[PDB]
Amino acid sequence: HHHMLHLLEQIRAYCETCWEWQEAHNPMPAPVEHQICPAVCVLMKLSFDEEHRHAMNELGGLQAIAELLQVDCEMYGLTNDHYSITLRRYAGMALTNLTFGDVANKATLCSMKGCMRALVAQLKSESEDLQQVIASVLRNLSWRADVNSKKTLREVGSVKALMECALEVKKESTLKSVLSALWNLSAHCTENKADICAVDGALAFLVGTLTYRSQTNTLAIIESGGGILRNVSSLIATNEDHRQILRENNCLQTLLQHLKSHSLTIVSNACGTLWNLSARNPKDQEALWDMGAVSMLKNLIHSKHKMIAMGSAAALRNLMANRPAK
């Protein structure tokens, strides 16, 4: 409380010093010289506890921390020096925590356009740890986003930036965070689905995630990649160029194999993708028949899981109509 007020006053003071410099541009303020990183570090730690977050919010923690992140990004840009990367990481982690389950904070952070642009820009940092933090913030912000937040997230180009980021990531942990954010964003509107589809090599990458080989033995990447694909497949359904990319990477074959999974999320995602792709395309309709999709989806209609019963029934009904010749 007392220490929390002290740390936030330190951060606000530094921000004010930086805004004074920005307008005057008197030497450039360096974060090291003001011990700023230890300050956000402690605030990052405390923000994991619910009651500390409550105090932090009453002291305007979201404003101070978001504003610190923003100003450092504007001042130094995409720098590689350890101190600035670490500073931005801690700040972004605290913003992740402060936006978790907080309706007001999600909407407020989205309305801060300058900070939103700064966040999105950090996805092209060659620090994957930083990339992972930025994706985590965007994941929370896109979860149950109101009308205004949905618009803002779209306008700052967060969808394209995350998809482009995903193609370049070398670490599984960065990719988890990136795909989770995209999973949320891909459900927002048609424009967001189009932006994913329009990125060069993105659809092939997404089909690639369906057979991903996790060495942490998780299903996270298959689930989220398949989740994104399920969301965008409604757009793919009416686009022959997009269907062809899926055909070249054996997508339908994999989706059928996904109906055998023990993960209910994977089955659900597969059912939804097959639901979209079984509509209005004789070529893919025939292929699904040839692969035995009818009997496979027949097993899942009486499922106790709501989306599996619905998705599998919707797909089957699209196959029962549009019967290919025996």
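Numbering starts at 1 and runs along the sequence shown.
- Deposited sequence between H25 and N26: 4 to 9 residues lack coordinates.
- Once the C-alpha B-factors are averaged per stretch, 37-45 and 280-288 rank with 280-288 first.
- Two stretches are in play, 223-231 and 191-199, and the higher mean C-alpha B-factor belongs to 191-199.
- The maximum CA B-factor among the listed residues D72, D129, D81, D102, taken from the PDB record, is found at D81.
- Sort the modelled residues of the chain by CA B factor and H54 lands in the middle third.
- Compared with the other modelled residues of the chain, the Cα B-factor recorded for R247 ranks in the highest third.
- Annotation for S149: C-alpha temperature factor in the middle third relative to the rest of the modelled chain, per the entry.
- In the PDB entry, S125 places in the middle third of its chain by CA B-factor.
- Sorting the modelled residues of the chain by their CA temperature factor places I65 in the lowest third.
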